[PDB]
Structures are given as C-alpha cells and as structure tokens.
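Here's the structure, in structure tokens; my notes come after.
So basically every Cβ, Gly included, is an ideal-geometry build from the backbone, and we count neighbours across all protein chains shown. What follows draws every value from the coordinates through simple rules; no lab data is involved.
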Amino acid sequence: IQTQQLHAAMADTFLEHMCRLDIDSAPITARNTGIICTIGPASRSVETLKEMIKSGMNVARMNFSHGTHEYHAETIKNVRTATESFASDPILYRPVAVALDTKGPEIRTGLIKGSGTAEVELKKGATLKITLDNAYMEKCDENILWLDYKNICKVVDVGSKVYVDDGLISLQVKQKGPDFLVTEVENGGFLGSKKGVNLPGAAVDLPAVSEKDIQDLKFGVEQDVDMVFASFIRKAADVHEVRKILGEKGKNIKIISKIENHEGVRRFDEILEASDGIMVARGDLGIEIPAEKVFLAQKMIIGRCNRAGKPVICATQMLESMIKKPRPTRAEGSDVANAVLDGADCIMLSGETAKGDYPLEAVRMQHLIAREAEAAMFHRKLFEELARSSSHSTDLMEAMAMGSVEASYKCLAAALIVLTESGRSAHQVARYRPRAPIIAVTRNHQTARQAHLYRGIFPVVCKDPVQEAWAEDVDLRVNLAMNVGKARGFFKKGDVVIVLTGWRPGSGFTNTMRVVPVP
Amino acid sequence: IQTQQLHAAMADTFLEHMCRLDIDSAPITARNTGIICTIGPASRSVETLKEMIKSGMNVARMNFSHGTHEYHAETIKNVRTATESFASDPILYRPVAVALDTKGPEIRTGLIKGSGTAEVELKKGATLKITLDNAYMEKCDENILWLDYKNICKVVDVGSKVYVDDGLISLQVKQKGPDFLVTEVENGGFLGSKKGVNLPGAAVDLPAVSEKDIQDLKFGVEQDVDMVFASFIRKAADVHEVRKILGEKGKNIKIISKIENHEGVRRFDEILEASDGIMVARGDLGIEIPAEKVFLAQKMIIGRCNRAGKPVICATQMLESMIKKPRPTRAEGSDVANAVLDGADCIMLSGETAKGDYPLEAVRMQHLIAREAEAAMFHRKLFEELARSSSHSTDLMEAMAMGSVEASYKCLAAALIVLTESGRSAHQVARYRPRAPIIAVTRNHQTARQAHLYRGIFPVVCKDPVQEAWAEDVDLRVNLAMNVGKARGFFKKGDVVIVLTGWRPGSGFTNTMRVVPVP
Amino acid sequence: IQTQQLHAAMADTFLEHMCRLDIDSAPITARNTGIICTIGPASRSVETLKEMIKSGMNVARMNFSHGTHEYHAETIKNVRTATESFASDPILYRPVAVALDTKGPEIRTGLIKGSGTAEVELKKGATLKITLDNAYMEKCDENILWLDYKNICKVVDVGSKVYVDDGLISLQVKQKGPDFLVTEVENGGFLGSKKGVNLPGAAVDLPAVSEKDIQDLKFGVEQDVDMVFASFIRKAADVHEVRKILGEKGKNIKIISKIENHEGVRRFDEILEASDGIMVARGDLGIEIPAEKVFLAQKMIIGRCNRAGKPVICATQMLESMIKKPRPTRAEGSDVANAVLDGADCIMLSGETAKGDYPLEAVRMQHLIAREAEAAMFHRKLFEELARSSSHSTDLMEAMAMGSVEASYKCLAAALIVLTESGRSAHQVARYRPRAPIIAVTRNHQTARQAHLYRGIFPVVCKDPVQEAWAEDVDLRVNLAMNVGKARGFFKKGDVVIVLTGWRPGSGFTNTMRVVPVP
Ligand SMILES: C[C@H](OP(=O)(O)O)C(=O)O
Ligand SMILES: C[C@H](OP(=O)(O)O)C(=O)O
Ligand SMILES: C[C@H](OP(=O)(O)O)C(=O)O
Ligand SMILES: [K+]
Ligand SMILES: [K+]
Ligand SMILES: [K+]
Ligand SMILES: [Mg+2]
Ligand SMILES: [Mg+2]
Ligand SMILES: [Mg+2]
C-alpha cells in the first residue's frame, strides 16, 4: 500500500481524490503545520516546556489580556531556557518563537447597584436604558445601564444590537437619544458588574490601541518578541497604528492582525495588504457574527491569505474537550483536519495547553492530525489554482518557487532545501505548497523563529561562521540540512532532494536549483 | 450583495470559490440535509417530540443497545402521535421516519458494586484484573472487572490494549491467564457500570447478528420501522443475514450498514454494494482506528457513497458541547458544516437529544449551519465530477435527472418538483445535487418517510384520491407541491420551478420535464 | 496591445482563448517548428540552397524514390557547401540536416499491350482478371492484368478492394483464384503501363526494405546522413529491419518511420516505440485510406507522439498551390497553422521546393505562419495535459525539464539555455513545450543537426576547445548562446533566461537550473 496518500494524489477529480483516501496509507515523518501553544500555569514550567518543545511546539503565545509584565517576563524566560537546553546539538536544536497576544480596546459596563459582586436580573421584552451620565457609573441597575464608550450613540442606530456579558445578554435599540438609548431586552439573563459589551454590525470609533496596549507592545519590543498578535483589527489604519507604536526598534517584529468582527471581515482586503499575517479569532468572532457563519469567514479568510502568500492562523476551541479529557471529540479531530485542509499555515491551542490537564497530549494530537491531513490535500489541483491566481506576477523568486515545487512533485523529492537570511526565498516556496518539507537554513535566529508562520518550513539555524569561499559555505550549510534531515528521519541516503541557493554571494534570491541525492 | 453564495458559485476555481464566500450572502429558507435525532429520556415526551418536529427532526432513531422492547414501543408511539398531530393540514404536515439502531457485537462490563449507578476511580499504573467468572458479573470493583466476552482470552495477547468507556479508560494486557487477564492501568479515570469495551487490533469472533438482534430485528418488523441501522458491519455477508432475518415482510425496510471498524472500512466496497445506505460511526470508529485517521474515513465513504448515489449518514460528537451547554464550540460548527460540505445526506445527534439539556437548541443549530453550508457548496464542479463518475451508465432516469438539475442551475429555479411512488425518480435527482429543494410528491407514506434519507428531498404526501384522468391527477399533485412550497416560504408568485412527471400512466420513470412558473 | 498572443494565454477556457486571439498581437522573432525542404531541380544550386538556409530551411530531404546515387551525392555536397558558407561566423552559422527518404517497397503492373506507352480503357462493371502469369507480364490488356505482388492471393480475400494508378481505379475482388483475381471494376479509368498498386486494409507480406532500399541505406550510411525517413512501415518488425541494415556504423542515425497505411496506423503504438520519430505521410495515406479521415490520423499520430516525447513531422500538400503561384490559398494557410497547433514538431515541403517555381517563396510562408500559430497555442493547458500523461514517470531529467519550462512561463523568460552533448537533456525540455526558444549548445555536430527534429530547439555549435576548468567551459558555452540570441534578435540586455547545465562533468543530465539576466 502507497504511503503519503499518493494514490489519491493521482485522482483526476476532487470526488475521486476523496474516494481514494486510505487510512492504511502512512503519512510521513515530517509535519508542516505549525503548532502555537498558549502558555500558562500548566505549561509554564521549564521542564514542561522542554517536553512540549519536544512534542511539536513551535510558537509560544503570551496572552496579555492578563498577567503582569513580571509574570510574562518570567514565562518568556523559561521558554528561552527550555528552548536553549537543546542548542548543545545544532542538529537536534529546534527554535521556538515568541508571541505577544494583545489585550486591545474594550467596552465595559459600570457597577451594579454599587457592588462589584452584584447582579440584577434582566427579563425578556424589558426596557433597559443606557446612558452616558457619569452619575450611574457606579449605580447601574436593571433600568439604567452605564457604559464606558462615549460615542456609543454615533455608531449605533435605531434597531441595532448590543451584547452584554459576551453574547449572553442581547438588546435591541428601540430609541435613539443623544446620550442615551432605549433598548428592549431581547434574549436576556443575569447582569453583573464590569462585563464586556459588543456591537455587532457596527463601525466602532475605538482606538486601534488601548493605553494598556501601548505599555504591552513596548514591553514586547523590549523582550525581543518575534511577533505580535493584534486585537480587534478593523481596518488598515488600525494596522499602521501598531506599526507606529512598534517604532523603529521593532520594525522586524511581525504584525498578525486578528479578525474579530464584521468590519474586519468586510474590509479584510485592506487589512491583509497591511498585515504580515492573519488570525482567525474564531472565539471573539463567534460572538460578533452568527456562529453558523463562522465557517464562511474562516474559509474565505484562509483562501484569501493562501492566495496572497500571507500566513494565516486558525485559532480557539480546537481540542477543547481535552482540557479535561485525554482524548478529543470526533468534532475536534475533524476541526483540526479541516483547518489544515483549508490551508492554514498554523493552528493553535488556547486553554488546552494554558490551563488544561493534558497539554502535552494536546500538542501531540495536533501534531498527529496535521500530518494525516497534510497528506490528504490535493497538491496537483491546489498548485494550479494557486499559480493561476498569481499569473499577474512575473517575479523571479516566484518563478523559481514554482519550478522547484513542480519538480518536487515529479520526481518525488524527499525535501526541499533553501538557504536564506531574510526568509523571503523560502516563504515564496511554502506559498506554493510542496508536499515535502522545506528545510530552511539561516544564520539569522529571528529569521528562523518567524519561519514557523509558514507551512512546511522547518527552520534550521547555522551556528557556523562564514567560510572564506561561497562554494564551501554554501556546501556547509547544505550538509547541515542533510544531517538534520537524516537524523530527524525525513530522509535516507538514497533519497532525492531539491536544493535552492544563490549562484554567488549576495545574489538576491535562490536563483539556483539542483536535484541532489542524499549522501 | 448576492444570495446563496451565488457569487462564490461562479468562481472558476475551488480556491476562488472559497475566496468569495460571504457572511452576508443570505441562505435560502430550505434545508436539504437530513437531521436525524436519537430519542430517549430528554426528548421522549410528545410535546417535546412535536416541538422537535417543528424545529427540524426528520428521523427518530431508537438506540437498541438499551431499554426493553416495551420502552421503545412507547417511544415509537409518541413519535407517531406527535407526527400525526399535524395531519389536519395536508400542507403543513411533515412526515417523520423511524429507525432501529441495532446492538450487534458490543462488549460490556459488569456492575460496579451491584449498583448501576456507582463509579470507581481507576488509577494510573495500577493493576486491574479482568475476569470472565460470573461471580464477578456484579462485583465489578476497582480491582476486578467483568466483561461479557467469553473468548476475549483467546483473541487477545500480551501487550495488547483494552479500551473501556469510549476509549477514555486505557488498560494494557501485562499478563494472560485462562479465565482472566492481568492489566495495568495505562490511563485512568472513573469506571462506571455497564460500559463499552473496544479491542483495537483484535479479531472479535462475535457474530454480526446475535440472538437479541434477531428479536430486535423481528420487533422492528412488527413496528413498521422504515429503516434499520445495522451495527458493526464487517462484510457483505453480515449485511445479508439482516436481510434474511428481515425476510419478506421487511423487504422494504432500508438497511444502513454502520462502518465502525477497521475491517468494515477495508471491505467497504462489498458492504456498500450490499447496502441501502451507510452510516459513519464516528464514536466506535474513532476507537477502533486511530483518532487521527477518522476524517480520512469520513471523506472516502462519503465520496464513495455520493458517487454510487447511496445515502450516507455522518454521526457522533457533532454537537457534544450541547448536552450540557446552550452553545456549541467553534470546532462543532465546523464539523457540521464540514459534514454537509463533504457531501453527506444526513447529520445526526445522539446524546445532544437523548439526555442533553438543550435538545431543541441542538437541532436548530444543525439546521442553521446546514442551510449555510448548503449554499457554500460548489455545485458546478460537484455536478461535473458526479457526472464523470457515472459515465458508463446510459440510464434514462439519470439522463432525465442530469438535465433537470442543469436546467435549474441555469434559470435558478426555486425548486424542483417530482412525482414518484417508488422514490426512484427523486432519488436520481437528489443524487445530482441540485441547489434547490426537491419537493417529492408521493401517495406512498413509506416512500415519503424513507425519502428523508436523501439530500434535498422534502417529501409531501398526497392524501387525495386518484383522479380518473391522468392530467388532472398530475395537475392535482403539482398544485399540492405548489401550495406547500408556497406555504413553506420556498417560492412565490413570480418564481420558476422545474417539473418532473410521467407522460402517461405507467411511464416507468419521470420522462417529462417542464419549466413552469409558480402560480 | 500585448505581444505573443499573451492575452489569450490567460484564458481560463479554450473557448475564451480562441476568443482572445488578436491580429494585432505581434509574434516573436524566433520560430519553433522545424522546416523540412525537399531538394530537387528547382533548388539544387549552392546559390539557391544558401538562400534557403537564410530563408529558414532546417533540414534537407533527399527523396530516393528517384535519381541515381551520383545525383544525390552531389545534391548532398551542395547542401553541405551552402551550410558551411556561413561557418566563417560562429554566431551566424546555422546547422542543416540531411535526411534520406527511402523509395520503399512497391507494387507494379506489367506492360500494357507490350508497348510501354500503351493506355487501355477500364470501364465500370467490367471484369478484370488479374493474374500473376509472367506470360501476361508484357501484355497486360483491358481484360487481363499483371502484378509483381506474388503473394497477393495470400493477402487478398473476397470483397476486398484494389487500387490502380494512385487510387484512380478501384477494383473489387469478386472471386479469388489461386493465382488470379476476378475483379469487377468499381470506378474505372485509364489503365496505363507500369502503375503502382495499393491494397487498402491489407496485411502486406512485403519486405520491410526493398533491394534498392538496401543499397540506398548503405549509401546513406557512407554519406553520413543524419536520419532516415523509412517508408511503408506497418509493424515494429519493419523498423527493426531497417536498423539491422544501418548496422553498427549507422547506429546514431535516427529512423523516422513513415505511416502510409491502414496497418501502420492500426499498429501505431508498436512502431512509435521502435522508432526515433514519426512522419505523417498524407500523400500515400489519403490514397490508402479515405481522405475524410486523414485529419483524424494526423491528429491522433501527433497527439500520441507529443505524449511520448518523439519528434513528429507532418507532410505533403501543405502549400501545393505555390508550385505554380507565388501565393498560397486560404486553405493552405490553415493547414500549416493548424498542423502547428496540432503540435507538429516539423513541417514539410515537397514539390513546392523540389520542382516549383516558387521555392523560396514557399519556405518564407511557412515561416511566417509557424511563428504566428506558435503564439496561438494554449501552453498552460497543454503543459498540464502533457504533465498528466507523464505522471507515471519520476525521471530526474523530466523533472528538471518540467520546473524549468514552468519557471519560463512564470517570469516570461525569453529563452532557455541548455548545454548538451547527447541532446537528451534538451529533448526533455522541448517535449514540455516551452513558449520561448530552446537554445541548445553542443560540441557534437550530429546532435546539433539532429536536434532540428525537435520543436523549440535551436541548435548552436561550439567550436571552441574544452577548457580545463568546468565552470569556465560551461560559462564559455553559456556566453555563446547569449551572444547568438542577442544577435539573432531573441533577447536583449534586460531579458531573463533560464540556464540548464550540469553541476559537474559527467553529471549525466542537466541537474542545475538558473535564472539569469542577459548581460
Ligand atoms: C484568540 C482570540 O483572542 P482571545 O479571545 O484569545 O484574546 C480568540 O478570541 O480566541
Ligand atoms: C453510532 C455508532 O453506534 P453507537 O456507538 O452509537 O451504538 C457509533 O459507534 O458512534
Ligand atoms: C511524402 C510521403 O512519402 P513520399 O511519397 O514522399 O515518399 C507520402 O507518402 O506522401
Ligand atoms: K488578547
Ligand atoms: K447501538
Ligand atoms: K520515398
Ligand atoms: Mg477580544
Ligand atoms: Mg457504535
Ligand atoms: Mg508509398
């Protein structure tokens, strides 16, 4: 029986491709979908980290919706420690990135009847009034509700909706005043103190960045974070703002715009153009838009990204049941397989590794489903479809990407080796979806850390100094990749590999391509 | 902004098709995807049943792995009661089908401490002895465990694994005896009473059809069940026996073989050949085979069925979060939408409706998503694909089917209207996957109940009597469809529908198509 | 308006592509299709010949159906003269090929009324007892007939047709004898003396090669011909015999099997495999088979050759008008251009250049058309189709030929440069149908000559001695192609080009690929 789901790879049609999927067809050793683990209490310890680093973790995410700089600084400190506990061997040394997950702008309610531990009960078809009179700031009750969003009137209109405490409570504006609104509880419940407000369908004035956001980004630039996951991105203008805050010191830091509402969606094109990657925040998204429409947003966002060659991340509730159990639901395993299939660059674990009882087991599972799904894609058709979208482009590095990938399918290469410092060269390739692993060999650490954002890229860091001669230095870097691949089980000695490099030092892109056999 | 993803519909490529999905493209009222519910404690009532018939229920499934014959019989009458409570308006009456889900070759444990209630905390690395000594049948405690599988000893070998309670509890065979097995608790949790045992990687010599099965089978016959779900089918053979046991009185009962294990998958082909339909048994399948490979099975089978034009049901853990929470995950919404997109004729809810606290909420959800996804399919390419797959057949009914579908895509018909008694003429169309709802008008209740099994068919029963003149009889059922369609919200006065009928009485199939406008 | 028919090349569909052809979309300087000219009286002069090379000729063909060796050897000498007349300038030198075209085995009649100039009248419904009696050998009268085809009885059954005078007289064999054939004249004419016969649909016994053919071959061998167009090939065994003859001395001689009949067509695949290439001899073909059907074979013959990677030549009457007019008919323009579209590697001129009044006017026309049709092809589609059909191949060289071809479309390279001594590495790329010219740089003459046989290949001979240092010898050779391209007007300074070279001497194939700019 044929491995790596090859026989399906020859289907002339999509139905036939499906029809040939065989569970007896072994996947390969290598996994291309990156895994982004949320770090916290259950995964914060160093030792835990080493293991998680061992299970398949590639990116440590830091959620700044909480914790103090001191906390994070510590978390961050362990990662690095764990991470580096392996550099002793440049071969078995796997880099790990670091993400700053911005808390961002919010809308909150006042104090209920003065207490912070109080509740009011809101019933269906009830008249609840919302005001901006600073007085009620601590006197919110069931007839009067006070907000912390000055412009709430300008942005909403008659008949719009408000969602208190995260979707739970909903209200329809049945009267529009200048500093108050008159809502009708529609789908009510229990209301508490300082709960989140959502205005689906609206065009929120709210600044790109919160005051807290700022000390958080600064703190990231200081901590040398590889990237930033930016909240509630609504337009391109918003992206420029974080871009500004990062300043010149963190111009290298990647900005991953997070899609959280109607706007982000309806203006996705302008956001993609300005972002460095994109995030499908299924979670917050699911609150702002109807849950049945989430899958729409997720596929469109992914296609669009795939099509444009910008990494896209699928997040939240992937393996949820697993925070408390050792095994995921059938829907969970299917959520994961499909994400990849949709073409996600990388998938993520929130609660699962942050709070959960089975963080390792959660990593391993994602590691597992991904490989299986990665082999069940339809390379031949995706590739064409992809190429046709980029026909308008005659870039040279693209041309080398395309030709390199085609060759990789033709002769069944075991891998694709790429020497690069920026990473663009490898990014270009990944963008084309080889089926085999793209082993990128860089001397720039950061470059190796941010490479994970791409599908297929397995970054290898070269610690050796620059040789006198390009040929030799080029041949050294290559051997490195070959040793690493041989040890990690990606390939044997008779395998065929595709190699991309620069003809001469300082060439511009890998403009050279050879078919070389594993020594 | 367009409706029904008609914009994504014109895409030339899949990727482009995805790139254009739009959260603002409103779906149609109609839901082609069968929704099958598992009746039990939470939804057994009548008032609840009616409520669930209004919400979306099409098929009630009686899980025969439990309860006494007199319990089901009751559940069954309530189903019928509810169903018929709306038979006043031939128009506003929706048929509901009935299924008998078999027990087959299941393995169960004994009583934990004679109580059916009592749980017991299994611990990691502990020792647990499995015996076959019936003294233990009710003394199942944390140190001794009893199974109902006599030859378990002769099929299992050392090192092997044993999975209790939906693969949650994992035990390793550390020692083999003649009546017992020494196992080590490789993965612990709380061991309840009368729980499911899976022996992955073992040859269970249990017969497909067992004595109890037979009663059950015969019982269903008695009850006038529309179809049966044969549990644990592994070979074409197993599917015959059920047929036999079912004999002449139950010839029209439709048999849905359930793919629940490795062998079942392997001999999928022969099994499919002998089956009226098929169900993807996620739960058991996910334990029998690796969790990671399940989604490969789900696609192959659906592909394969779809190709063959045989109903396929996707089942298990689709909406689990909802047994206890009013809201499904983000991963759940996926599953479902993805099952619809994969090409499954019906989706199912087991516990979400049997014990769950939000049984009615579960259905509306599956319904909500189903319409959305439905419009998110890529008709054109699917149509093309389906056609090529069935190239060797020159059948006039297929031929008739293909044209009507093709004509509906083109004029954007609101609905296809079919007149059949056997079901065939409508089954052949649903197989071509029109976008629009297939209103099938029968005079045969059963043909109408089992229609539910098909994607797009919205059965409608003609109570009126056979008019003497053909023309009038035809014109008669067409008006019923019209009214019904008109009454449901599918079409309006200026709408355009496509009508499939017999030229003359005894035509054999629908051999006359007509593009007619809604009156 | 875009050049090279590039708007049309972006069409997603064939209908769109056709719809997008622009009379104002200028072709390129370079012609891809080889032009085969048949040398005779009208162009046997060194002067005319020099003008022909300038004009476009790539291969000179010598029809051995005629002349003596004396003649030919001389015609040959003149071609070699003219060719070398340009050798002064290595950048202007253009290799020319010499092909030997075999008379091939035939069927003749006897004398008519003893007198060689005697012409009898055949009429319809008559009776013609053809005999093998040497008696009649010189007195073939309107009643009796004599043939050289001894086994004609063995080979012809009842009802079978027999053609006399290049199909002018059709005779039906109404009663077979042991050595006579009683035929009733179906379509009668003027039976002349010494006419060639044709046995449509017959399994001719005749020898692969005639006694003459043998002399001719050994001669061809002594004259250093480059390829032999073998006539009347019906099975693989025939090709096999021809090789036997050429022997060891003429091993590097390519053999182009000419498909002149029902059988050869029928057993097409066995011949293709045994041959180095194929020729669609429409002349003979449309005699042996019905004209209405010729196009079918040409399309099939060619579709099949392209699939496999074997040069294919389309012949006879493409521009016959031009024998006596300086301008071809609207119908000949289509023929030439369609053949080009069908995918012919080479195009051919016979009496148009061998006896016509407008020889040069004819080549010129072939060249104008080919450049234009060549732009009109749908490379993206073609490329995909070709790749699919080779899918069962995991050849290192094809892979390389494939990535290259693809990169070429991607960045719109102005050419592909290939360094080769066998010519294989070039053949491979050519098979894949790039849009830009394939400049092949060899140091081997036969290679360079033989290469014209292939589409896209534009052979350049490297006269400069081998360098000691690999890189230098390569770069030298690369420069040459560069200079030449710039000179012939293929590309400028800005232009990109793809270079295929061997990593190391004795690499076996061009395993190195690069995107380089014209200096
Ligand atoms: C990840 C994304 O943002 P978060 O809510 O975690 O801040 C989400 O909503 O899931
Ligand atoms: C539905 C199928 O059978 P069950 O386990 O529900 O009896 C399964 O295994 O999920
Ligand atoms: C051209 C080809 O061969 P020829 O007749 O030139 O020998 C033909 O049969 O027409
Ligand atoms: K956050
Ligand atoms: K069951
Ligand atoms: K000849
Ligand atoms: Mg948020
Ligand atoms: Mg089961
Ligand atoms: Mg001939």
*Which peptide among C:82-89, A:465-472 comes first, and what is the full order, when sorted by highest mean count of other Cβ atoms within 10 Å?*
C:82-89, A:465-472
*To the nearest 20 debye, what charge dipole does the protein assembly as shown have about its Cα centre, counting +1 at the Cβ of each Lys and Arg and -1 at the Cβ of each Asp and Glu?*
640 debye
*Hey, which residue of A has the C-beta nearest the axis mapping A onto C, and what's the distance in Å?*
A:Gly403, 2
*asked:* Please list, by residue number, every one of the GluC sites (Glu not before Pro) in the range C:2-69 that is coil in DSSP and has at most 15 other beta-carbon atoms within 10 Å.
replied: none
*Net dipole in debye of chain C [+1 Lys, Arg Cβ; -1 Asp, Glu Cβ; about Cα centre; nearest 20]*: 700 debye
*What shape does the range C:134-262 have by the C-alpha gyration tensor, where a ≥ b ≥ c are the square roots of the eigenvalues, rounded means a/c under 1.5, and otherwise prolate means a/b greater than b/c and oblate the rest?*
prolate
*In order through the range C:18-24: 3J(HN,Hα) via Karplus (6.51 cos²θ - 1.76 cosθ + 1.60), integer Hz, x for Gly, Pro*: 4, 5, 9, 5, 10, 4, 9
*If we count every other residue with Cβ under 15 angstrom of C:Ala448's Cβ, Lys/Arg +1 and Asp/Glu -1, where does the sum land?*
+3
*Mind listing the label-point distances from C:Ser88 to the same position on all other copies, shortest first, one decimal in nm, points 7 Å along Cα→Cβ?*
7.7, 10.9
_What does the charge count around C:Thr420 come to, taking other residues whose C-beta lies under 12 Å from its C-beta (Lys +1, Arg +1, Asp -1, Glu -1)?_
+2
*asked:* Suppose we keep just the DSSP beta bridges with both residues in chain B; what percent of those would be antiparallel, to 5?
replied: 40 percent
_Burial order of peptide ranges B:134-145, B:249-260, B:422-433 (average beta-carbon count within 10 Å, highest first)_ = B:422-433, B:249-260, B:134-145
*Amide H to amide H under 5 Å from C:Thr33: which residues, 5+ apart in sequence or cross-chain, H placed 1.01 Å off N in plane?*
C:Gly456
*asked:* Could you derive backbone 3J(HN,Hα) for the range C:39-56 from the dihedral phi with the Karplus parameters 6.51, -1.76 and 1.60 (θ = phi - 60°), listing whole Hz in sequence and x where the residue is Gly or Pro?
replied: 7, x, x, 4, 9, 8, 7, 3, 5, 4, 3, 4, 6, 6, 4, 4, 6, x
*Which distances, in nm and shortest first, link the A:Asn252 label point to the same label point in every other copy, taking 7 Å along Cα→Cβ?*
5.7, 7.6
_Per-residue average of Cβ from other chains inside 10 Å of B:295-308_ = 6
*May I ask which of A:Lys258/A:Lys299; A:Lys103/A:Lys212; C:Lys124/C:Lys150; B:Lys103/B:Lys154; C:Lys218/C:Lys310; B:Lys103/B:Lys195 have a Cα-Cα span longer than 18 Å here?*
C:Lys124/C:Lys150; B:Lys103/B:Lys154; C:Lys218/C:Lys310
*Looking at the square roots a ≥ b ≥ c of the eigenvalues of the Cα gyration tensor of the range C:1-130, which shape do they give, rounded for a/c under 1.5, prolate if a/b is larger than b/c, or oblate?*
oblate
_Among A:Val173, A:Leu199, A:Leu111, which residue has its Cα furthest toward the positive end of the charge dipole of the range A:105-207, with +1 on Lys/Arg Cβ and -1 on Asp/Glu Cβ?_
A:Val173
*Across the range C:27-33, in residue order, what do the Karplus-derived ³J(HN,Hα) couplings come to in whole Hz, using 6.51 cos²θ - 1.76 cosθ + 1.60 with θ = phi - 60° and x for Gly and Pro?*
x, 10, 5, 7, 9, 8, 6
*Report, in degrees rounded to the nearest 10, the 0 to 90 angle that the Cα long axis of helix B:330-342 makes with the longest principal axis of chain B.*
60 degrees
_Name the residue from C:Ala8, C:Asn252, C:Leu396 whose Cα lies farthest towards the positive end of the charge dipole of chain C, charges +1 on Cβ of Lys and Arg and -1 on Cβ of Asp and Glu._
C:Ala8
*Which cross-chain or sequence-distant (5 or more) residues have an amide H under 5 Å from the amide H of A:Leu147, H modelled 1.01 Å from N in plane?*
A:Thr131
*So who's got an amide H within less than 5 Å of the one on A:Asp226, skipping anything under 5 residues away but keeping other chains? H placed 1.01 Å off N, in plane.*
A:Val98
*Can you give the mean number of other chain Cβ atoms that lie within 10 Å of the Cβ atoms in peptide B:279-287?*
2
_Around B:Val518, under 10 Å between beta carbons, what's the net of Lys plus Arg minus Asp minus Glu among the other residues?_
+2
*Residue mean of other protein chain beta carbons inside 10 Å, C:402-415*: 6
*Helix-derived [θ] at 222 nm for chain C: sum -39500 (n - 2.57) over DSSP H runs of at least 4, divide by residue count, nearest 500?*
-11000 deg cm²/dmol
*Each label point is 7 Å from the Cα along the Cα-to-Cβ direction; what then is the distance between the points at C:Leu21 and C:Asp357, in nm?*
3.1 nm
_Under 37 °C and 0.692 mPa s, how fast does the protein assembly as shown diffuse according to Stokes-Einstein, given a Kirkwood radius computed over C-alpha pairs? Answer in µm²/s, whole number._
87 µm²/s
*Please work out whether the range B:105-207 counts as rounded, prolate or oblate from its C-alpha gyration tensor, where a ≥ b ≥ c are the square roots of the eigenvalues and a/c under 1.5 means rounded, while otherwise a/b larger than b/c means prolate and anything else oblate?*
rounded
_Can you list the copy-to-copy distances for C:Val466, using a point 7 angstrom from Cα toward Cβ, in nanometres, shortest first?_
3.7, 9.4
*Would you order C:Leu49, A:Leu349 from fewest to most other beta-carbon atoms within 10 Å of each residue's own beta-carbon?*
C:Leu49, A:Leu349
